[PDB]
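Participant:
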Amino acid sequence: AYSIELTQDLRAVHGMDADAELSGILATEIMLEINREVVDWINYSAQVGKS
Amino acid sequence: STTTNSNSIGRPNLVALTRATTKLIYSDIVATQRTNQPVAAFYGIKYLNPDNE
Numbered sequence: 269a270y271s272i273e274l275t276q277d278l279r280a281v282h283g284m285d286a287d288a289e290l291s292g293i294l295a296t297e298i299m300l301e302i303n304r305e306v307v308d309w310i311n312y313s314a315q316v317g318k319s
Numbered sequence: 011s012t013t014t015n016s017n018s019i020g021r022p023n024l025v026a027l028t029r030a031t032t033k034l035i036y037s038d039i040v041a042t043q044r045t046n047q048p049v050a051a052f053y054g055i056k057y058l059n060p061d062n063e
């Protein structure tokens, strides 16, 4: 939910693509979380060692 | 006697359309230079005296 007045600002001042930056942080966030999930089902589901 | 009372008119001829809009003067009245960034800084540069006027 990025503003339509943002992209024009951010295309002009920073040259960055606005949209393609959010699609950058959403696509990365889900694949970071889905990846933080399985590592957290390994450490959740792992027996206690040295016992 | 068939007259124009019998005949029935199908459609009007469209003739002329009119949209009312002012002669618009923002082009002549004001000095315009496009801005490439959301904030626009006009310098103005003053040639002073030693008395600053």
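Heads up: the protein sequence lines correspond to chains W and G, in order. Each residue of the first sequence is one higher than the one before, counting from 269 in the UniProt record's numbering. Each residue of the second sequence is one higher than the one before, counting from 11 in the UniProt record's numbering. No residue lacks a Cβ here, since even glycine has one placed at the ideal position from N, Cα and C.
In terms of residue numbering, what span does the alpha helix (DSSP H) encompassing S291/W cover?
Facilitator: Note, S291/W: alpha helix (DSSP H), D287 to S313.
Participant: Closest to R279/W by C-alpha separation, out of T28/G, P48/G and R29/G, would be which residue?
Facilitator: Looking at the Cα atoms, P48/G is the closest of the given residues.
Participant: Between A280/W and chain G, is any beta-carbon pair separated by less than 9 Å?
Facilitator: It does: the Cβ of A280/W has a partner Cβ on chain G nearer than 9 Å.
Participant: Kindly indicate which three-state DSSP category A280/W falls into: helix, strand or coil?
Facilitator: If DSSP states are grouped into helix, strand and coil, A280/W belongs with the helices.
Participant: Taking just the CA atoms, how far does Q276/W sit from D308/W?
Facilitator: Rounded to the nearest angstrom, the two C-alpha atoms are 40 Å apart.
Participant: Cβ of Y312/W within 9 Å of Cβ of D287/W?
Facilitator: No, the Cβ-Cβ distance between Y312/W and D287/W is not below 9 Å.
Participant: In whole angstroms, what separates the C-alpha of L24/G from that of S18/G?
Facilitator: If I take the Cα positions, the gap works out to 17 Å.
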